[PDB]
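First comes one chain, alone, set out as structure tokens in the form deposited in one PDB entry.
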């Protein structure tokens, strides 16, 4: 379950890049259910065509787990909420999920579900004990902000 840093052009096995619709985690499950499901690149310039309009979009490198999704991919934004105001703030995060694989099946796996306010990730095994069989989608990759020195 890869936690990678945003850098472009260094997945030297990739011919393309990947375009995803984005949701705010704070905005809840409706938006995630509504984001376009099919994003189809075609033509000489790989013009991408969703089947439905959407306002938020993101480009990511064709990382192995990102490119495997195809149908149902979405990117979800998480922001931070520290007790001590002088503590180093935890980086914002971009969680890539697979809505087609919404079915809880891997005990190791991690799934996106509704939180008291917003969304949260939860381990497969924890969801089974909680009697949940349907999540909003399998977490396939996490993106941390670009970094250097």
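Heads up, when I say rigid core I mean the largest set of C-alphas that superpose within 1.5 Å between the two forms. Numbering follows the first chain given and starts at 1. Only residues modelled in both forms are compared.
We do not show the form deposited in another entry, though everything after this point is about it.
When the two forms are overlaid on the rigid core, CA displacement between the shown form and the other one of 2 Å or more is confined, within 22, 14, 132, 19, to 14. Once both forms are fitted on their core, a CA shift of 2 Å or more is seen for residue 88 between the shown form and the other one.
In the other form, the separation between the C-alpha atoms of residue 8 and residue 46 grows by 3 Å or more relative to the displayed form. Put simply, residue 106 and residue 11 spread apart in the other form: their C-alpha atoms are 3 Å or more farther than in the form shown. The protein segments that move between the shown form and the other one, counted as runs of at least three consecutive residues with every Cα displaced by 2 Å or more relative to the fitted core, are 7-16, 81-89, 116-118.
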